[PDB]
Protein chains: 4
Amino acid sequence: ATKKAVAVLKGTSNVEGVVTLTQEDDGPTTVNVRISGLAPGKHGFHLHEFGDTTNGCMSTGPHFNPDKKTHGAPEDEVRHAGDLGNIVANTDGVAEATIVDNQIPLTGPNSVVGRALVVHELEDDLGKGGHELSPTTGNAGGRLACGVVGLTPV
Amino acid sequence: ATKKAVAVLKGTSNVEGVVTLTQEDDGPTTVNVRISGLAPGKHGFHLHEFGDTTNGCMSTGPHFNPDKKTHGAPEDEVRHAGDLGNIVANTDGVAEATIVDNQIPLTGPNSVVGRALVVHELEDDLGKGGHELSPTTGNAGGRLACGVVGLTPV
Amino acid sequence: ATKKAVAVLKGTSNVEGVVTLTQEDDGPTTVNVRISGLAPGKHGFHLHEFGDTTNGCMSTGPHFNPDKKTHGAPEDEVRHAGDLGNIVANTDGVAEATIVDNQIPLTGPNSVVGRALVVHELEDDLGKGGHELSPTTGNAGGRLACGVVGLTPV
Amino acid sequence: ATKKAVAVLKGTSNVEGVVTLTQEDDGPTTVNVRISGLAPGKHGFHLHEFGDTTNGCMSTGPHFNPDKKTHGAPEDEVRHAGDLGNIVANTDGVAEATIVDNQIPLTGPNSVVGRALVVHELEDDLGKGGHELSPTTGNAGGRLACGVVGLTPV
Ligand SMILES: [Cu+2]
Ligand SMILES: [Cu+2]
Ligand SMILES: [Cu+2]
Ligand SMILES: [Cu+2]
Ligand SMILES: [Zn+2]
Ligand SMILES: [Zn+2]
Ligand SMILES: [Zn+2]
Ligand SMILES: [Zn+2]
């Protein structure tokens, strides 16, 4: 068995995007990301709790956090669950990244089907800042685009 | 143990729409539907298989059919599973429908999370015709708008 | 700079197994586990201090615990070091998983090269129960097969 | 700053064994060997590069050779590093040796933690022979038994 899902990032900004999530057996997931319309630099890219979209991206809620932890980097132990770091945006405003994460499954409890991915305006602190929002958001603050993770064929 | 979901409809037309689904215990589900920008009359309201959305609405696939059957009406035993009948537009181009189905859960195998709801341009046959697409689409055809069923707080 | 290891588990039982551990630079470690001969359900999976093996599986000492902690779950601050939670066995007695831990390096101090990986008979408590051995073992007690962590190519 | 390691030899044959290795400060290391049910006479006794063991002893690879040299006897300049020479089994087929070498450390680079000790079925040439594999395996080929060098309570 192998699973796949897609997420078409759209906002009220000139930010577009599409991200494909792949998963084998019930091991890790591969996420391929291509987003355009962003300022060159480091962003913030998380798997936000809910799939809403009714109130733009401001209803996809907080970070997906079944383990009840603090905010971190993908390579940390205290991290949310939805932390996926920063994606770098090229000089033309396109961002292409590949992250393989073992906390965003496509099956069972904790599955990330019908949740949302959000690309953030400002670079995420990885929880390293001492901001107030650091321990919760990475101060990546400003949701440019999201979309719900849905099922895609195979 | 109540579970709620949402689906914000938007196609490449001026057909908008927003749907909420609710489920208690592990029972029947209630769909509340409100869609605007539709030609007066009956249309098609189905639960299509995939959340795709990447080549518009034509990526959602066929209707959701776990039981593998023919197309029909909710009140029909032969029915697909994703088949939610027809919704009728007022003279202002609005359809406000309240559907209560037992074939579109939010939990377990057959869960409609991460999938899509599409509003068809023409009326649903219910399989009652003998068109050829009757057994498959209700000859309702032409996806005017769709949405990825995402999780919403409870 | 990337590094791999493998643990070919064998017991005085019918539990066979093989596990690999990969680590790049000086980040986290991916552990791909596959066992057979086990009984449907949850076990215990820990990195025991010694590789020993002379007096079967009982010479592996307790769980690797350099940071001196109590027993817990992988997603626990208070946790041991060698705690790797529970692996699930299917209906044919076969377990496969993919653990991404950050407490079992393959480099420098705390390196787990030459140490043992054990699969236990009972399920681990997560140190949630209040047995006596809850804070020490997770009352998983019963060493079904173990292997010493050995170097393998790349 | 003392250390100890053990390795418990077992092959797909009636050849058993346990070796311990001991190092103090960052000097020499004493190896105590005992193996049973080997055929009377000389064997080969080497430290092989990898600890593998998934395709029996044949995946342990070549002899541990960091200084990149040819094959030889413990007392030889031209020596591999893994080359521990031959051990002699008695008429009841037991073999007990105490090899003291300066080339299989247990700390730092060249460390043989996570490597394998392999007893060959034929007598090792010491590189004197002119076979063709003499400068490689010392023409002792036949991996009767082996094991991963693992840590043991100091
Ligand atoms: Cu975020
Ligand atoms: Cu349809
Ligand atoms: Cu244990
Ligand atoms: Cu050899
Ligand atoms: Zn977070
Ligand atoms: Zn249908
Ligand atoms: Zn423990
Ligand atoms: Zn050699």
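Heavy-atom basis, side chains included; hydrogens, waters and symmetry copies ignored. Naming convention: chains lettered A, B, ... in sequence-line order (proteins, then strands); numbering from 1 in each chain.
- Proximity of A:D125 to A:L133: side-chain heavy atoms (C-beta onward) are nowhere separated by under 4.5 Å.
- Counting all heavy atoms, side chain and backbone alike, A:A89 lies closest to A:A39 at CB-O, 3.4 Å.
- A pairwise comparison of heavy atoms in B:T54 and A:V18 identifies CG2-CG2, 3.6 Å as the closest pair.
- Using a distance-only test at 3.5 Å, with no hydrogens or angles considered, a donor-acceptor pair links the side chain of A:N86 to the main chain of A:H43.
- Note on ring orientation: taking the six-membered ring where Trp is involved, the planes of A:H46 and A:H120 are perpendicular (angle over 60°, cut-offs 30° and 60°).
- For the pair C:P40/C:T91, no side-chain contact is recorded, criterion being any heavy-atom separation below 4.5 Å from C-beta on.
- The side-chain hydrogen bond (donor to acceptor under 3.5 Å, both in side chains) test with A:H71 singles out one residue from A:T137, A:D83, A:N139, A:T136, and that residue is A:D83.
- Of all heavy-atom pairs spanning B:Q23 and B:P105, the tightest one is OE1-CA, 3.1 Å.
- A salt bridge does not link A:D76 to A:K69: none of the charged side-chain nitrogens sits closer than 4.0 Å to a carboxylate oxygen.
- The heavy-atom pair separating C:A95 from C:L38 by the smallest distance is CB-CD2, 4.3 Å.
- A salt bridge does not link A:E16 with A:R34: none of the charged nitrogens is closer than 4.0 Å to a carboxylate oxygen.
- No side-chain heavy atom of B:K10 sits under 4.5 Å from any side-chain heavy atom of A:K10.
- Contact of the B:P153 side chain with the A:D52 side chain is registered, since non-hydrogen atoms from C-beta on lie closer than 4.5 Å.
- Annotation: side chain of B:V149 is not in contact with side chain of A:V148 (no heavy-atom distance under 4.5 Å).
- Screening A:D101, A:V112, A:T60, A:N65 against A:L47 for a side chain to side chain contact (heavy atoms under 4.5 Å, CB included) leaves a single residue, A:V112.
- No side-chain heavy atom of C:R115 sits less than 4.5 Å from a side-chain heavy atom of C:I104.
- The shortest heavy-atom contact between A:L9 and A:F45 is CD2-CE1, 4.5 Å.
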